[PDB]
Ligand SMILES: CCCCCC(=O)OC[C@H](COP(=O)([O-])OCCN)OC(=O)CCCCC
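Residue numbers (the UniProt record's numbering), protein chains in the order written: chain A, 20 to 27, 44 to 61, 63 to 70; chain B, 20 to 27, 44 to 61, 63 to 70; chain C, 7 to 111; chain D, 35 to 480; chain E, 29 to 453; chain F, 235 to 289.
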């Protein structure tokens with residue numbers, strides 16, 4: 020499954052402050069598979 | 020017919052230096069009709 | 007205004023209860039025969055009335071399949087029957103008549 | 035206040051004079067501080083042979099590049115420094131060079147037009163420069179599907195005749211046209227009786243005639259040693275040309291029948307009919323509610339990106355029809371509706387829609403002759419074609435005659451059961467076969 | 029004799045409510061009317077971008093006195109026209125017809141501008157037209173350059189695009205169109221212009237149907253120049269690029285110096301297929317560039333700001349060389365190397381060009397309509413030429429000095445491998 | 235040694251990344267504003283980069 024990481044179909048919404056922690060980026065990576 | 024002026044379907048290509056004069060812009065205007 | 011136009015309503019309330027679409031939880035405008043004018047009026051309904059109209063009709067086709075009706079508590083009261091479609095429908099017709107008057111100039 | 039009929043009398047009549055050598059001088063005075071003056075010429079590709087085709091277009095490239103009294107770029111400098119503008123064009127029948135400038139600059143402007151026509155340098159080094167220029171312009175034109183498909187319409191419709199030729203000529207002629215070919219073209223065609231010095235703006239006709247007698251007296255006299263270009267009639271051929279190219283995103287179609295010509299009263303009634311069908315493209319606002327059924331249907335069902343009717347006039351002939359641009363799966367539907375409207379106007383045109391087409395033509399005529407340049411163009415062209423200026427008061431009279439009976443008679447004369455010329459370009463697999471097109475030019479119910 | 033009659037004079041009036049009326053009776057066969065409104069895209073904010081574009085497409089929608097069907101058919105029956113042109117500052121509702129049918133088109137014009145209904149479904153059917161209309165415009169690489177140029181130059185207001193941002197198509201609401209016309213189509217913001225119409229009629233119309241109060245007073249939402257650059261890497265064959273700096277607001281005398289400076293450098297070609305011998309920028313670039321290109325001075329002047337500079341088209345590899353050659357040519361003028369015959373020639377072109385731009389009814393009506401909104405007055409051409417003649421050569425030089433030293437804005441699109449950034453100039 | 239001995243191509247090019255600074259602003263219809271603000275720091279491996287990691 021394709022990946023994009025960076026922290027070190045309608046998807047889903049974020050509203051509160053507890054589910055929002057962990058979202059701010061921290063360098064991008066792009067990965068591909070079979 | 021809709022208009023866009025600014026000088027004061045595959046469209047067409049420009050190659051020579053004589054047909055290229057008159058193209059550089061000189063403030064945009066957007067017009068609409070029936 | 008008077009007592010004569012009040013039993014007029016009484017016989018229209020009578021015909022309403024006899025027609026019996028209120029027994030399926032339906033409103034008068036839910037039963038209009040869809041022609042081109044009506045299909046346009048339905049197209050123009052806001053999302054809330056369209057979705058409500060869809061469910062009431064779906065609820066009634068469900069009941070009709072079982073040959074059942076709703077409890078009397080849940081019947082559409084003649085007093086509370088919102089003619090929600092005729093404003094839209096009357097404007098559709100008004101537009102069509104305008105085209106027709108231009109078409110003979 | 036003034037009425038529309040009263041306003042048409044208030045236009046000044048074009049004053050007309052003729053010099054002693056043949057040149058014709060015509061002006062419409064106004065109260066403008068600006069003006070345009072130019073020379074219109076009876077010249078173009080229709081006068082050219084296959085062996086020197088494209089010559090007059092070669093001349094257009096060279097006219098502004100130098101002259102004997104003002105060699106090189108000296109001519110550019112003089113018009114640019116007085117804030118003037120200088121332009122030219124060439125059709126299949128007419129050639130024009132005109133200047134836009136201040137009214138006070140009219141005497142210098144006339145002098146420059148005279149120096150351009152008569153005294154042209156044509157240095158052999160400038161020619162070799164303009165040769166590579168034209169070839170590039172040809173590569174540019176190949177990408178304008180519109181300009182291609184109309185050159186194709188002329189090529190098939192007038193096959194075997196001078197009108198089949200393009201204005202620019204073929205690439206092979208550009209590469210071998212010599213200086214001798216060009217001077218022969220000029221000496222033959224650029225003669226005083228076949229030219230008009232037209233002007234429009236704030237200027238008295240006395241002044242324009244004085245300058246003509248001064249700067250255009252050196253032209254060739256009335257006689258030309260017995261070698262006059264006499265335009266022969268041009269055979270129209272019902273035919274079809276398809277350039278299949280599925281790599282292009284949209285197909286271009288042009289279809290037309292033969293029209294009468296310039297000085298035929300039928301053109302008025304034909305233009306009324308073309309206005310009913312009208313024109314369209316995807317940026318118009320009306321869409322579904324447009325009057326024209328072709329337009330209304332095309333917007334509702336999205337049958338085309340654009341279409342336009344036309345009545346192209348030439349001497350004693352012309353091309354009358356339409357042209358459109360659409361997706362590859364919409365060509366048949368567009369042609370069905372198009373022909374259906376031609377047939378419907380031939381057989382059952384109504385009075386109301388003809389009043390609309392009349393008013394559309396009225397509006398189109400007044401608003402086109404708005405400004406010094408389009409009046410000066412109408413002056414120059416109208417004297418080469420009609421031999422006179424037709425006042426707006428006359429055009430209005432020739433229109434008001436038109437009623438529904440007139441368009442039915444006029445349209446049937448040119449459209450009903452006539453062989454059309456067709457030209458296609460692009461993804462035109464769905465372009466109907468010519469026999470099917472030909473059967474769309476009549477109705478079995480009629 | 030064949031002469032024209034006594035040319036009537038333009039009449040002009042300012043009503044106390046702020047509305048402006050200007051009429052001219054040229055006794056022409058056709059009549060033209062325009063309602064010019066200070067409602068261009070600068071008056072959008074970041075919560076309703078694109079509203080003035082969709083509004084510009086909705087003139088034929090249904091009003092209170094005319095169905096959508098009647099507007100289209102009524103105007104076409106007479107053969108008349110209805111158009112809507114938009115600047116970053118103004119919207120201009122124009123109407124054209126024969127002078128006997130002015131009654132009809134005036135009624136339509138007032139319904140469009142005073143009584144739009146913006147019905148939910150009509151608006152909904154119209155949103156796809158934004159995508160088509162924008163797509164057509166951006167077929168010109170110039171269009172996206174200028175749009176990006178203003179977005180890079182300004183923080184707000186004039187940064188806004190004439191064309192709806194992609195993310196807003198389908199999301200412009202009927203409420204936003206209603207609020208936009210309420211806030212911006214006010215008497216204080218309007219001008220009613222007419223050719224082939226008498227002044228008493230326009231004044232009567234204005235007093236009866238164009239007395240709208242409230243909304244927003246002429247807001248002081250001043251455009252804040254910023255500078256910056258936007259770079260669009262694409263697959264065009266040529267690089268288009270524009271480089272500007274803040275210049276002068278329209279009407280002021282400094283703006284006339286910038287207009288003259290434009291025609292010193294080179295605004296456009298005057299002769300077909302010419303080398304542009306008297307174009308300073310073209311000859312400067314052509315010396316060190318023997319490949320196809322174009323270059324022109326760019327001048328844009330607004331109510332409270334302006335942009336001046338040049339615009340270049342060149343092969344992707346010749347990008348910087350064309351830019352730098354153009355820039356150095358302006359530097360020469362800022363250093364005071366400017367002859368007086370070159371200024372008199374530029375004042376000739378500008379004077380000649382201005383008069384030419386007002387020959388026709390459409391160009392005349394546009395100038396009068398935009399004069400009325402920008403200046404609240406009408407300035408005849410003889411006075412314009414006087415203001416041009418009043419430009420001194422030092423004013424032109426100082427204008428070129430303001431460009432060289434001012435914070436710059438750049439927009440470029442193409443293969444930008446050889447297209448310099450600002451700090452590389 | 236047998237399958238990954240490929241020569242030529244481009245030596246480890248000194249196409250050095252040139253820091254510049256600037257800003258890019260994407261107006262869209264997201265409900266929240268995401269934003270990042272940075273400055274040039276330190277190349278990996280150097281001791282200054284460890285200070286940035288700790289920071
Ligand atoms: C009793 C009369 C029946 C008429 C049938 C008819 O005319 O069909 C259409 C064609 C000719 O018309 P068109 O194809 O030119 O289209 C004209 C478009 N305007 O004719 C034929 O070739 C069909 C052969 C039928 C055999 C059974």
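Note that beta-carbon positions come from the ideal geometry of N, C-alpha and C, so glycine has one too.
The nearest non-hydrogen atom of ligand 1 is 7 angstroms or more from the C-beta of residue 431 of chain D. Residue 123 of chain D sits exposed, since fewer than 16 C-beta atoms from the chains shown fall within 10 Å of its C-beta. Shortest Cα-Cα distance from residue 439 of chain E to any of E:449, E:427, E:430 involves E:449.
Apart from the 5 residues on each side of it in sequence, residue 82 of chain C sits with its Cβ closer than 7 angstroms to the Cβ of 28, 31, 32, 33 in its chain, given in chain order.
Taking the C-beta atoms as reference points, residue 371 of chain E is found nearer than 8 angstroms to residue 424 of chain E. In this structure, residue 477 of chain D has its beta carbon less than 7 angstroms from a heavy atom of ligand 1.
For the set D:336, D:344, D:397, the Cα lying nearest the Cα of residue 371 of chain D is the one of D:336.
A contact is defined here as three or more CB-CB pairs under 8 angstroms, and the segment 80–93 of chain E fails this definition with respect to the segment 66–76 of chain D. Here the C-alpha atom of residue 43 of chain C lies approximately 37 angstroms from the C-alpha atom of residue 66 of chain B. Taking C-beta atoms under 8 angstroms as the contact rule, residue 253 of chain F and residue 235 of chain F fail to qualify, at a distance of about 40 angstroms.
At least one heavy atom of ligand 1 lies less than 7 angstroms from the C-beta of residue 473 of chain D. The beta-carbon separation of residue 284 of chain D and residue 183 of chain D, rounded to 11 angstroms, does not stay under the 8 angstroms limit for a contact. Positions of the alpha helix (DSSP H) runs, each at least 4 residues long and wholly inside the segment 40–88 of chain E, are given as 79–84 in order along the chain.
If you look at residue 218 of chain E, you'll find it in the beta strand (DSSP E) that goes 218–223. For the pair residue 130 of chain E and residue 119 of chain E, the CB atoms are not nearer than the 8 angstroms cut-off. Not a single C-beta of chain D is nearer than 8 angstroms to the C-beta of residue 200 of chain E.
The beta carbon of residue 205 of chain D sits no closer than 8 angstroms to any beta carbon of chain B. Assigned with DSSP and collapsed to three states, residue 127 of chain D falls in coil, not helix or strand. Counting only the Cα atoms, residue 316 of chain D lies some 34 angstroms from residue 383 of chain E.
With contact defined as three or more Cβ pairs closer than 8 angstroms, the segment 414–434 of chain D and the segment 296–310 of chain D are in contact. For residue 384 of chain D, the nearest beta carbon of chain E is not closer than 8 angstroms to its own beta carbon. DSSP places residue 291 of chain E within a helical segment (H, G or I) once states are collapsed to three. For residue 325 of chain D, the closest Cβ of chain E is nearer than 8 angstroms. Interface flag for residue 270 of chain F against chain A is set, since a Cβ pair is found closer than 8 angstroms. The secondary-structure analysis by DSSP pairs residue 142 of chain D with nothing; it has no beta-bridge partner.
In terms of Cα proximity to residue 450 of chain D, the closest of D:328, D:374, D:392 is D:374. Just so you know, the alpha carbons of residue 403 of chain E and residue 49 of chain E end up roughly 13 angstroms apart.
By the Cβ neighbour-count rule, residue 376 of chain D is buried, with 16 or more other Cβ atoms within 10 Å of its own.
The three-state secondary structure of residue 467 of chain D, taken from DSSP, is coil. Residues of the same chain with a CB within less than 6 angstroms of the CB of residue 214 of chain E, apart from the 5 flanking positions on each side, are 240, 243 in chain order. A distance below 7 angstroms between beta-carbons, with the five flanking residues on each side excluded, links residue 92 of chain E to the following residues of its chain, in chain order: 139, 143, 145.
By the Cβ neighbour-count rule, residue 278 of chain F is exposed, with fewer than 16 other Cβ atoms within 10 Å of its own. If only uninterrupted alpha helix (DSSP H) runs of at least 4 residues are considered, those enclosed by the segment 156–210 of chain D are 158–175, 179–191, 205–210. Looking at D:331, D:424, D:444, the one whose alpha-carbon comes closest to that of residue 383 of chain D is D:444.
For residue 261 of chain F, at least one C-beta of chain E is nearer than 8 angstroms to its own C-beta.
Per DSSP, residue 276 of chain D lies in no alpha helix (DSSP H); the unbroken beta strand (DSSP E) holding it starts and ends at 273–278.
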